[PDB]
Structures are given as C-alpha cells and as structure tokens.
Amino acid sequence: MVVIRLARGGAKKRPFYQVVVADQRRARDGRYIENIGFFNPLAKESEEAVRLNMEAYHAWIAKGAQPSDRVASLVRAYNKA
Amino acid sequence: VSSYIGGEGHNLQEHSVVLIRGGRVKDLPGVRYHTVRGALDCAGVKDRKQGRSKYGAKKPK
Amino acid sequence: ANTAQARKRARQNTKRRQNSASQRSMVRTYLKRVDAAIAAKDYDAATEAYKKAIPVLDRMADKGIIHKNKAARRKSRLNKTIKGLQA
Amino acid sequence: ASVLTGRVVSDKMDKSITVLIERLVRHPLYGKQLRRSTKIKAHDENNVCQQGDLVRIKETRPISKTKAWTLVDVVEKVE
Amino acid sequence: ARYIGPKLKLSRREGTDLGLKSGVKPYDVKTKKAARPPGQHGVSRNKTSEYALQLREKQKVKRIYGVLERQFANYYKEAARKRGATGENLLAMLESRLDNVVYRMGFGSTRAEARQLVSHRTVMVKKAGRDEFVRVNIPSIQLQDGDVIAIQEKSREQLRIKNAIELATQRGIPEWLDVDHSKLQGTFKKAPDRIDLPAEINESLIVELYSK
RNA sequence: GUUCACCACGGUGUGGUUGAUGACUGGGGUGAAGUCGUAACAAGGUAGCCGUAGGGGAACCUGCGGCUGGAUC
RNA sequence: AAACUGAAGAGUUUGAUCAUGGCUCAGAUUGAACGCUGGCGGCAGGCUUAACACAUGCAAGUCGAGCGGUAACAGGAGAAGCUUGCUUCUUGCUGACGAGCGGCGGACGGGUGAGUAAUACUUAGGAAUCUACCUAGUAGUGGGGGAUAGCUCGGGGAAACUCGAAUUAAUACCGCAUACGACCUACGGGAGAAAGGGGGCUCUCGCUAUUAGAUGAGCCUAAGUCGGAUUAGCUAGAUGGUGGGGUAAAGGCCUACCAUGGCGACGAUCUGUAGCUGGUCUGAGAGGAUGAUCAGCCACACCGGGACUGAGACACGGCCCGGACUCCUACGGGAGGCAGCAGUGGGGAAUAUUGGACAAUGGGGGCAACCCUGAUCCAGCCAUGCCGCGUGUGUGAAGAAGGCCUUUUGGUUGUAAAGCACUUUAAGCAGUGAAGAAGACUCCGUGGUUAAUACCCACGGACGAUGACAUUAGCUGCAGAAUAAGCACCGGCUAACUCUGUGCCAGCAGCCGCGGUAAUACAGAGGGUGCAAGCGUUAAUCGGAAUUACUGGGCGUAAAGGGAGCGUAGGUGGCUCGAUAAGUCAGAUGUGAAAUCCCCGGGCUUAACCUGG
C-alpha cells in the first residue's frame, strides 16, 4: 500500500526526516511519490521543527495512504498547536 | 620493459622483484620507466640525506 | 531449499500444481469436443458440446485455473464460429 | 491528439501506406537545421490514397508489427 | 598547524613590520635588521619578478594574520564569490577572524597571543541577537555585525591581558570595535572598510596571483 | 505409461575473422674518427626538380615530355 | 533584493630575426598507489583487478484468534512412594509450543554491471490491459461431500530420503443452491462464488462477486543517444491482409492461405566497444572527459534451458532437466552455489571487522503481547579525502656557545637559544551530564456502535515501560610546556645560494640541458624558499592548445585547391503583390523527480556538513 513515512537524511547523529508519501515496498530513502514536509527531531525553541502540508496529507488519506506511527503522532501534536 | 635504477648504488640482480613507476629517461634510448627504490626488493640508497623520499631512505637518527 | 519455509513452499507447490493441472486438462478436454464438432461443420453437435463446456469453463475461470478474460474470449469466439455455422 | 502530415512514398501493401514525415533537426554544435525524414507505415483501411499524396495520420494502437498510425485525411492529391 | 619559528625572520623577508612582536619597543631597535632579508646573502642581485612581487605580497598578509595557504585560499575563494571587490572582501574576512578581532580590541599583545587566548577557551562570544555567551576555542570564527566578545570569568585577572590593554591604548583602537576595559568586553559593530585598513597592502597583487 | 511435435546439451563437416609464433627474406631507424665514392646546396663544376622508361656497386646516369622553385646572359 | 563576476603565459629550431609548427612546463582534479614522515577531532569515502573459487557464522520469517494436536519447557489440579517436607504420575487443564496441514510474506529490502548499440536509457505522449495489501461503495457469506499431512502399522536406504496399508481436522479441496454488479449472448436468454475465527444478539478480523480510486506492473509510438565504409547492400515470418490460435492486453506473438513486400549513404547490414540517466571533473564559456559513493531506470544471480505457485517471478539465500567444478558415500547413490553482511584463498600497485542493536526510521507476520530484519542505525580499521585544532605565548644581546661562510675578522644561524614571566586548546585524569523517545501498557472521561451502562473504534487526559551507540555530546575541575614536525625544492621556466667532495666519472633531468680541476644543475653541509600532519613522485582527465578553431585557425611560397570538366544526392539561391504559419519569435499551460550547482537565509563552538525557500 501507500504509506506516509519519514525518509531519513541529515548527518550521522543529527537525523533530519522528510515526511514523504511513498509506495511501501520502496526503500526508506529511495523512490517516493510526493514530499509533503519535514521533521527536525533536534531543533531549537525558535526554529521550525515540524512542517506538514495538511492539504495534501488529507488528500492522500482520503486517497488511500496509511501513515506510520511516527508521522501520525507528529501530525497529532502538530495540529494541536 | 627496460627501466632505470636511480641513485648511487643498488642491490638488484637476476630474479629481483621491483616496483616500476612511469617516467622516461631522456638520454637513454628505449628506457621509459623508473625503478621505485625502497618499495619491495630494491633497497633505498645508502648515504642519502637530501631527497630521501625519492630514493627510499629512512630519516637518519 | 535452505529453509524449512522454502521447503514447505516447494512441497506445497507440487500439490497445488498437480491439482491445478488436472483441472487445466479438464478445460482443454471440454474445449476439444467443441473444436472437433466445429471442424466437421455440425451445428447441432457443436452447440451441444458448447453448452456443456460453458459451465466447466466459467467454473475453472472462477477458481483461477484460467483467467476470466480467457474464458470470456473462448466463449465469444466459439459462439461466433458456431452461430456462423448455419445458425 | 498526435497528428502528423507527409507525402505517401509507397502504397503497395494491402490496407497500408508508407508516409514520409520530414522534420528540421538542428545540429547541437553547428546550429544549422538539417532536414531529416522518417518513413512511417500507416493503416489506410479502404486502400484509397496513392503515392505522391499529402496525408494526415494519427497515432493509434498498433495494427501490425511495424504499423501504429492511421490515415485520417488526404489533404492533397497527385496533380 | 601554525608557524612556530622566529618572527623577525619573517618581518625581514617581507621587508616591513608585520606586528609580530609587541610594540613595547620600536621595531628598528628590536632587531637592528629589516634592511636585509634573512640568511647568508640577504640583499641580492638579479632583481625580482612579477611573480615574486605577487608571492611576497600574499605571504605578507598570510604571515601578518597567521593563516596558512589552505585556509587563505579558501578565504580568497569565498571573497571572489561574495559581491564586490575580491581583495576588499578578503581583507574584510581576514579582519573578521576572532583572534584578529581580540587583538585589535587589545586583549592580546600580538595576534599569536590573541590566537593563544582564543584557543585556550579564555574568550566568550555572544552572537548577534543571542542572549548568551559561549566559550569558543576556534580562532577562525568569522564575526558578523554586532557580535559581542568578553573575557572568561576565571581569566579576567590575567597579567598578560592587563598589559595588553595598555599596549592597545598606546597603539590605537579601531572605530569599528567598541571595547570596554572595565569588564573586558568588546563589540564588533562592523567589518572594517578598506579605507580603515592600511593603504600599503596591495590586495590587487594577491588577486592577480590567484589567477594563475 | 507409450508415441509424435517443439527444444537445451552435445556431435559432425566445411568456411570466415582475428591473437601469438615461424627457417628465411624486404625495407625503416639507431650506434663510433669504418669502406666506396661525391649525387645535392655556388652555374656545386653536366642547372636542378616532376612524371615515366631503360640501365647501373652506390649515391645515381641516360632518353622523352614538363616546371622555374635556374646563375650567366 | 540575489541567483547575472569571467579569459595571463613561458622554454625550446637561427649567427641573429619575424612567422609557422610540434614538443615541454607552470593549474585544477582522484574511490588513487608508492616513497619519506606522522598528534587529534568532525564529516565523508574504502576490491576500480578475478561476473575468480569460496571454509565458517549470520542476511526471511511469522501467525495456536484457521486446524488435529503435545516433542520440549513452565505452571495448575488431584495420585501424594511421602523418603514428613522428601517428593513424583495422570491429565493440553493453562502459559505456551518442536514437527505437520493451512495463510500471509519470501517478486520487497540488499548485491553486482557480465550481457546489452537497443524488448535499454532520457524526454514527450498514447491505448488495447492486469493489479495482493490500502481507501470509498455495492450484492452476499446458504447448505453438503470425499479426502489427506502429522499421528499409526509394516518395510527399503549409509545417508539424502523413501514405499506400501490404514486413517483425523481445517479459513485445505470438490459439488449443489442462490448472483447488485461482473462474464457470454443470436440479446429471447445462458452460465459462474464464498469460510470461517474471535470479543462481550451484536461488533470485529476475514472470505466471495464487483465498481471507482490510489499504488504497482505489462504494452505501444515519436525524438535523442559511441567508433569503423580498409563493413553497401540487408531481410523470406521477411513486409502487409484475411480466417483461426494465443495473451491480462495491441501485435507475425503463432499458424494456414493471399499478395510481393519491408529496411538502407538521413548509414541499413556487419563489426568493435559500452549498462543508461540525474549528475561528476575540467573549462571564462562553448566544449572536452567521465557515469564510484547518493537517487532513478534497466539487466543479471555458478553456466544452458524449461516452467510451477502466485496479484506479482520465468524467482539472489525456490523447483525440474542438463553441464563444469567442489564435497560426502557403505560405490548403490547423494549434496552445494557470498555479484547479501563479515571473512578466506587468489589476482593485484591497491581498498577495512568473521563487531553491536533492533533504541530510532522503515519492512515482514500477528487482534495484540511480541517475533524477525548484516535494510537500517551505529561501532571497528585506514591521513583516502574535505574541513577544523594543536605541537605553546610574551619578554629576552657585550647579539653566549656550536655550526656555516669569510678578506680572519666580521657576517649568518638569530630573540633564535639559555634565562625570566605566564597559558593549558587538543591529549591524559576526575566529576557532571542533555538530546536522539515517537509516552507503549494500565486507569478515567467523552463521542460513535449496539438491545445494551458490554465488546470494539475514534478522541481527551493521568501515568512513566522502553537507548545499541555509551565511560555519549556538551559543561566543570586537576596537573604541567609538559604528549606532539615533517616533506619537497633553491641554473631558467619557478619563490629560494654559497662552501666542500667529485672530475663527461659518480650522477641529475619535465624541457633547455649540467658534470672536462674553482659545478649557484651531481653528493653532503650551512643558509634559504614553499607547503605542512602532511610533503613529494607516478598514473589518469580537462586546461594552457585559437594545437580539429561552433564560439575560434588555415590552404601562392611554411602542411594544405581535386589535372580539368560535366553532372546525381545535397547545400544555397532575383524583384513585386497575396495566401499559409511549418521553421522563427512571443505568451499561456503541463512537464522537465529529489539530491547536486548557484542565491538568500537557519543549525551544528567555527568550518566541512546538515537544512528551508
């Protein structure tokens, strides 16, 4: 199926994820369908930590995509603020 | 191929295993390679002091 | 095979392949009667062979022995050849 | 959809023609436009058009091994 | 790596005072030299060439600021990509180095001692906007407009710093630096202009040297 | 199960292409104060050169046509 | 606002000159190797050769909430020999669970670049298809049957395994009954499913038929895409048509017949070489070279061939047959495939650990608990590269000694050293100590559901179970200059010069060249120059080379006009008035993946690096 999951970039011991809509069988950092934002695990109190295109996130949910347990909680604690 | 042994004095004889680098000798017809001195079986030069690395000579203590 | 599961898959494959090949042979057998009756230009023999092959064809196509597309194409292309044989 | 115009250079196949499409390809280094030409077999069902005609053809599903274009208009005819 | 050997040798080879020694006494009497470059021969025949004038000019700046070839060529590569004059930009980025900034603010007698102070975590930097200092052991830190510099709480009683301010007062304090001796705290208000920098360093020779 | 059809292996023959070698032989190049001459550069002591043919130890010579990239006139 | 910034020449032909013209050099770069040397850290990178052969361990399992069950382990209840606190035997009763049937997964993820010059790749489109799991629906899930693995009984085999008889369960298998769709139709009608499990009649996980999405896959078209003509003709299922077959699907994909077509100097055919792209290096650019690491696509999995199961494979750790090689054997027969991750032998100039954890991000199975994951996250080794820091800092002259040169007394090494005054980065020792963690479970409340205050789902709180890295990063103390400099070069190009030895020798050399008894060129010294934990050499690419000239060259004599013509393909082409709008130009839309390059910013102590637009 299609999943909304994180794709790891950044550097060694400085992870920076991009939340991405991909076919589930592709490698985590390989081919995807659409990039809909990013997540900085280590970010300051004065810098954009989580960004997520909520319009395309809802479109992909209604379209068939299945979020992971990390992006689901990220959106959960990102839309409450 | 035929190669040139650089430096003063060497220990090479029949059935000696050498490392060979590029570089042609101008005044020697036919010679087109140099023997790296100090690599495998070709020893470094004995009393070399100035350009030691080019002749495989350890730093004298 | 180098794992118990690959070995199980192989011995399951032999059983499933025997069971499916018997039904594949059955489909071929029931279509042979229709083709042979068409060969000797016999509308009644071809029709009575065709009528008793449709249930077999569509039952094996629903089981997965042949594709539904193949079953439909065979039905249509044998009906079009029988009807033109002095409908 | 994807229409293409050209002259008929062969009609000696049943329900089939060969159309010569010409194009101007520009040289990547010297920048002059060479005129190049490809032979494309088209499907002419009623077998009407003759060689020397201008014809329009469109891409369709393949009809044969080397034929996937079909005739739609004979815009010009041999004089 | 940095140069460790003698400095008057360098000054004599460049033919000018590089400020490598302290100003506690005049450069002429500190060495009774600079009329001749070092070595057996010194002043020579067979006059120099365009490449010699360019090489010596580049070595002059490199030896003044204590920056080796690799870092200095990175400086020139950055300066030729920033907008404006390449030599002006290279002088600005050599002047914005943390060790040079603390030397000009006067906490160190020479740029070598200023770099020695910076390296040993005796200088805290406060980035513009940030409400905090941070101890920084990196002499090559580029300071932007408004960065604050202060002396460590456990090194304000240094004797070398206290005799470095009184030399800075005798030498002059730049106007792009706002230094207060009361709590050993300066502010880098702006990178210096080419008109503020001395008009005896031909950065044009450095720019023409880094063009093959 | 049998048999036929398709077909992989493998086999047979006869060619093509190409690598390494080969007695001997052709020319090319390099290397010394070698041998034979002196063909060219001056009108180089028969102006030289181009094509071609014949001849000659060797540079070359000769014929026929051509050129001036020929001095003395 | 910005992405708009970039271009050097020198030596060498001559007695000298100008030109021509080759050679050579100064630059940048690398998955580099070698030589000399070597302190640290961050981030990267690391078999380029043998797609050579591979010892050993690991890289694909999971589900008992589908099923019979009980081999092991642990409990529970009773039998209690009780040996009085020793202790055993019955039971699947429970947590669970080997083997077995069954499902899903194993077609992903990972590796390699052999083949492939075009079923490839890139760009742009297209129609004649299939698509497990996912989303939103629709019609259902009714009723039977015969088996069979394990388990038995008896054999055969050294093993691998195997044969026969009997026989049990299922969401295994096969009829029958129905069918909103869907399939066939001559459109009158025909045919075609399913399976149950679980939680308290409901809900939930499934199954069946199908629609629409999404995802993926197959298929087609056009354009582009290496060298050779000392390879010019190539094709007979070949090119087209029909009838038929075949496929999920178009199609000579196959076949019978009919026609004689198709392709080619715009390079067919044949040959050599090659995975392609984004990109990478170089360059002012245009170009040239290249296709490691990262990402996309393709191909392959010891070699040749065939298929099965499946939504998907002609399947890397699946099957069958054949082959080479390797191993076991009781000689009858068997087994195997690191181009997965470590690692070995070998080849080579040359490329690392037989490490840890699933904590994070993903992936497989499961209702969950949880299990698996050499993907991945980390750690180890290596100056292989990039970036960063250090090896101290000031002050110190009758300018000590020593070395070297020298006119024999000066100069130089040189504030250099010694002495004095301080400092402790990094390393070492001792403490402290974030963040990577997403808050599972459990409790409460609310909403949906329902016959229900159950169960289940969704939401809102409380709670702190979870860290390989790890003795973390960072921060704070202690001690003491203590632990830390080498390499190349110095005739010119090209920054830096003198002695001594040698004597066309020994030797150097990129080029010009040097060496013949006073060598700034050899070897050693002193001094100096450039780089610096690196420095040189070699290999390789572009540059300089306007030296293939598109940008941007030439051809009277320097290399270069075909002996001359006629002419085919082709290239190019007068004036005027119209048409068209293909080239051309402009606009709009779609696309041109992300990363990279560049600009503006943000975060690492800075930088490299990461990252938003």
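Letters A, B, ... are given to chains in the order of the sequence lines, protein chains preceding strands, and every chain is numbered from 1.
Residue-to-nucleotide contacts include no donor-acceptor pair under 3.5 Å from the side chain of C:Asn13 to the base of G:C319. Donor-acceptor pairing under 3.5 Å, judged by distance alone, is present between the side chain of C:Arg9 and the base of G:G106. Between the side chain of D:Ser37 and the base of G:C266 there is at least one donor-acceptor pair of N/O atoms closer than 3.5 Å. The base of G:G530 has none of its N or O atoms less than 3.5 Å from a complementary donor or acceptor on the side chain of E:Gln59. C:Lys8 contributes a side-chain N or O that forms a donor-acceptor pair with the base of G:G102 under 3.5 Å. Side-chain N/O atoms of B:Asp27 and base N/O atoms of G:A509 include a donor-acceptor pair closer than 3.5 Å. C:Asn79 contributes no side-chain N or O that forms a donor-acceptor pair with the base of G:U185 under 3.5 Å. Donor-acceptor pairing under 3.5 Å, judged by distance alone, is present between the side chain of C:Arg77 and the base of G:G246.
The side chain of E:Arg63 places an N or O atom within less than 4.0 Å of a non-bridging phosphate oxygen (OP1 or OP2) of G:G530. Residue D:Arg35 places at least one side-chain N or O closer than 4.0 Å to OP1 or OP2 of G:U572. For the OP1/OP2 pair of G:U412 and a distance below 4.0 Å, the side-chain nitrogens and oxygens of E:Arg36 include at least one atom meeting the criterion. Phosphate proximity of G:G363 to A:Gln24: present, with a side-chain N or O under 4.0 Å from OP1 or OP2. Contact annotation: B:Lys54 side-chain N/O to G:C489 OP1/OP2 distance is under 4.0 Å. Regarding contacts with the backbone of G:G524, a side-chain N or O of B:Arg48 is found under 4.0 angstrom from either OP1 or OP2. E:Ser119 has a side-chain polar atom (N or O) that falls below the 4.0 Å cut-off from OP1 or OP2 of G:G390. An OP1 or OP2 oxygen of G:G102 is reached within less than 4.0 angstrom by a side-chain nitrogen or oxygen of C:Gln12. In terms of phosphate contacts, E:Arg83 brings no side-chain nitrogen or oxygen within less than 4.0 Å of OP1 or OP2 of G:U5. Close to G:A523, at under 4.0 Å from its OP1 or OP2, lies no side-chain N or O of B:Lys49. Contact annotation: E:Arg115 does not reach the phosphate of G:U606 (side-chain N/O to OP1 or OP2, under 4.0 Å).
F:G70: glycosidic angle beyond 90° from 0, hence anti.
For the strand neighbours G:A50 and G:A51, base stacking is absent under the 5.5 Å centre-distance and 30-degree plane-angle rule. For the adjacent pair G:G190 and G:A191, the base rings count as stacked: centre distance under 5.5 Å, plane angle under 30°.
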Can you build the contact string for nucleotides 374-385 of chain G? Use B for base contact, S for sugar-phosphate-only contact, and - for no protein heavy atom under 4.0 Å.
--SSSS------
Contact string for nucleotides 160-182 of chain G, one letter per nucleotide 5' to 3', B = base within protein heavy-atom range under 4.0 Å, S = sugar-phosphate only, - = neither, reads --------------SB-------
Base contacts versus sugar-phosphate-only contacts with protein, heavy atoms under 4.0 Å: please encode nucleotides 55-60 of chain G as B, S and - from 5' to 3'.
------
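In this structure, the aromatic ring of E:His120 is not positioned over the six-membered ring of the base of G:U424 within 5.5 Å between centres and 30° between planes.
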Name the pairs: protein N/O against N/O of nucleotides 542-549 of chain G, kept only if under 3.5 Å.
none

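Each of E:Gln71 and D:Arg23 lies near RNA chain G, and the nucleotide nearest D:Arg23 is the one positioned closer to the 5' end. Summary of the strand contacts: A:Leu6 and B:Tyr4 both lie near RNA chain G, and taking for each the nucleotide with the nearest heavy atom, the more 5' one is attributed to A:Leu6.
For the side chain to side chain contact (heavy atoms under 4.5 Å, CB included) with E:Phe72, the lone residue among E:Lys62, E:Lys77, E:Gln59 that qualifies is E:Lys62. Screening E:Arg111, E:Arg115, E:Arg2, E:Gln116 for a side chain to side chain contact (heavy atoms under 4.5 Å, CB included) involving E:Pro139 leaves a single residue, E:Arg115.
The pair E:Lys58-E:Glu69 counts as a salt bridge, with a side-chain nitrogen and a carboxylate oxygen less than 4.0 angstrom apart.
A ring-ring contact (aromatic ring centres under 6.0 Å, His included) check over residues 18-41 of chain A, counting only residues at least two apart or in different chains, returns the pairs A:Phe16-A:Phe38.
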Can you give the dot-bracket line for RNA chain F, where a pair is Watson-Crick or G-U wobble with both atom distances under 3.5 Å, crossing pairs use [ ], and | marks a partner on another strand?
..............................................(((((((((....))))))))).....
